Structure formats: C-alpha cells, structure tokens
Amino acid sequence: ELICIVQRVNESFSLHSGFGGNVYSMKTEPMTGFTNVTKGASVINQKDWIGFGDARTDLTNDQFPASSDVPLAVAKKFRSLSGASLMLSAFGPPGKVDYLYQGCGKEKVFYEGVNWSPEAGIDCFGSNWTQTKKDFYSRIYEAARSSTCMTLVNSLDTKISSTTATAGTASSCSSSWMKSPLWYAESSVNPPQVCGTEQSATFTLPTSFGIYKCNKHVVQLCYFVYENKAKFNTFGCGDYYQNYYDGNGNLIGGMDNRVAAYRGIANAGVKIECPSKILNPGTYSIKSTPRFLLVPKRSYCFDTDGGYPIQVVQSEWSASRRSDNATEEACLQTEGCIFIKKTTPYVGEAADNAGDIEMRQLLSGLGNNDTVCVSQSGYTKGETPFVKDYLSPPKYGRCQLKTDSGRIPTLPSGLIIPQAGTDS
C-alpha cells in the first residue's frame, strides 16, 4: 500500500517565484513601506548645529519658557537676544538692540528678522528697507550655505581723506545715524559758487575676527538715490556718484549717475539704497561727490570650509503688527536654503508675539536625536528607504526615495507550499 503526503493548492493560491525555488500561498504581505514625513525644522547631527534668533529662542527672557518657541535644551544651542535680528546688527540703527551674532555649526537654523520689519518704523532715508532686508538675507544665506561659521564684524577699520568732512545726522534717524554705514558730509559744499573736493576713503575686510576665519564678507555698498541731476544739483555740483573699488581700481559697487540714469522716485527726495555684496578680505577704496560720502563699518564674516543647506524660519509678528516676508523670499531665491513656514497666525503665550503653539510643533524636531534627513518637505527617521511623495529639495542626509506602493514587492504568508521542478 502506497501512502503519501499530498500537496495541493486552490484557485485562492498564487505562485511566487524564487531563484532556486518557488512558493504557493494565498496571502501576500509587502516587504517594506514608506517612512513618515514631519513638517518643520530638525537636524541630523545634534553635536554640529547652531541657531541664530531673537526673544523666541532667548532662554534669558524674563518670560521664559512662555516666551519661547523651543524648550531649554534647544535654546542653549541658539545664539539669541530679545529684540535682535541679523539685519539690526548689520546697520545698528539708533536705539535698537545690537547683538553680536556669532557661532559655528554645519547645520544652521535662522529664526530672526522680525525685529526689523515695517512695524519698527525705521526711516533714516531708506529707499525701501524691506528691499534691503530681502537683499541682505539673500547674501547671508548664500554665504552661510558654504560656511561652517558666522560672526558679526562690529567695526571695520576705516579711514577718510577729508579733513573737513563731519559725521552725518538726520532727524529722520532719531537725530543720529546708523552704525553702518557711516555718513560723512561736507557742509562747505554749496552750488553760490563752491563745489568742494572729491571725497575718498578706505575700509578693510579682515582675514579673521577673533577666533573666526574670514574667507568671505557680506557688506553693504550703500549710495544715495536722487530723482535727477537738477534735484541733486541743489546739494552738489556735477552728477551724483559714489563708487566702490578694490585695491587695484576695479569697480565692485556703488551708484554713478555720470553714466547711469537717475532712478529716484519723483518728489520722494533723497534716498539711501544698501545692496549687500559678498566680498573677499582686503582693503577697499571709495570715491564720491564732495558733499556726501558713505563708508561701510560692519560686515558678516564667513569661512569656506563648507556647510549643509541652511534652515530659515518664518519670522513675522502676530496679526496686530506690520510684518514682511523678505526672509521668505530671500530663502526662496537662494540655493541650499530650506524655509519653515506656519499655516496659522502667530499667537504668543507670553505676549502677542512670543510663544506660538504651531511654531513649537514645527521647531520641536531640533529637538530629536534620530532625524536622518532634513528637506523642504520636512524631516524623516531612518525607517525605510522609501517615502510616498517626493522629499522636495533642498535636502541633505539619508534621504528616502519616492516609489509607487505597487512597485514594492511582496512576500508570501498564511499557509505556504513549496514548488520546484516542472511537476509535469
């Protein structure tokens, strides 16, 4: 009598092939799946990152932690002061807090800027400080992206040729002036009959500032903007001009109305424009019309040892105040900049403008010890190599790839029968 174990499959069984053996089963289970993506900011390396901020990351604030968008451990990694902003330290407007931002970290978090917004009502003849702001932060992010460190340089070595020019002051600037640029005027110039002498100056970008190496400086090459020659000629003779030169005489910045059209807004009167440029260390020269001279007095110093794409955090007031989105737009037009943005208005716990629940959720990742990827779509853990949707660039770290769920292969489960040979 022939007695056998007999193997059989149903219509419910399907055949799964293998290299060296097949398997019949009724059920399949996917081999792997997608990794969740969390919105907001985070870091892949908790020992190499730096934050720059204001009251919302300032552990010394009188209202801490209610005034803070990050817990204590994260705040310690920030260089922050209530009322501060990078831009405010760039120019040093009268009566504003003047923090010396400095730090090192391959990953960088920028969460400031709001303390100079249209709400602050700084005038000082600014053509458009929101324009200046956007330009300034575009340069910071551009230089920060390729640097390990950053520091304010709160005083450049400068030198004026004029022995009669004097420091400029304006009612529209609290009856004083910026820290940077310095404003020198020649009160003896009067288009009577008297034209004065061309003004000249040097400023030096150093190769280092304290412990920080400088390969790159972000500075403002300011100039005055006049409506036209006729309106400028109520102040000086000839055409307006302020030109910036390197050590050899190469023009690197300024405004020269001897060759360039006037573009001052009609009847607005004189304005100042302050475009930021990335310059190498060295000594730089200035030539200007006799009556008005502007001279850069500060910079931000960067190295070129490299860094990761940076993270920039939306810095706006609560609804009651007048904000701008300059840092947003700066981040958007700058390579290697990741922007973190709230979906609901800013509502503070301490006061109106400090300690927002949504922001604390978004910044909570700063935060974690198990983030492996940071991207414009958010951050991930190292669960699988896959995400359901793309991780938008900029991005860095162990970053998951998008694949359709259907393309993820399956394994057999729930009652399994092996198959090999042709069985026929």
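Throughout, we count residues from 1 along the sequence that is shown.
In this entry, no coordinate-free residues of the deposited sequence separate residue 206 from residue 207.
Mean CA B-factor, 352-360 versus 372-380: the higher value falls on 352-360. Averaged over their C-alpha atoms, the temperature factors of 139-147 and 260-268 are higher for 260-268.
Of the candidates 182, 156, 312, 165, the one whose C-alpha carries the top B factor in the deposited record is 165. Note on 239, 305, 329, 112: the highest value goes to 239, judged by CA B factor as recorded. Residue 46: CA B factor lies in the lowest third for its chain, per the PDB record.
For residue 40, the recorded CA temperature factor ranks within the middle third of the chain's modelled residues. Sorting the modelled residues of the chain by their CA temperature factor places residue 246 in the middle third. In this PDB entry, residue 23 carries a Cα temperature factor that places it within the middle third of its chain's modelled residues.
In this PDB entry, residue 76 carries a Cα temperature factor that places it within the middle third of its chain's modelled residues.
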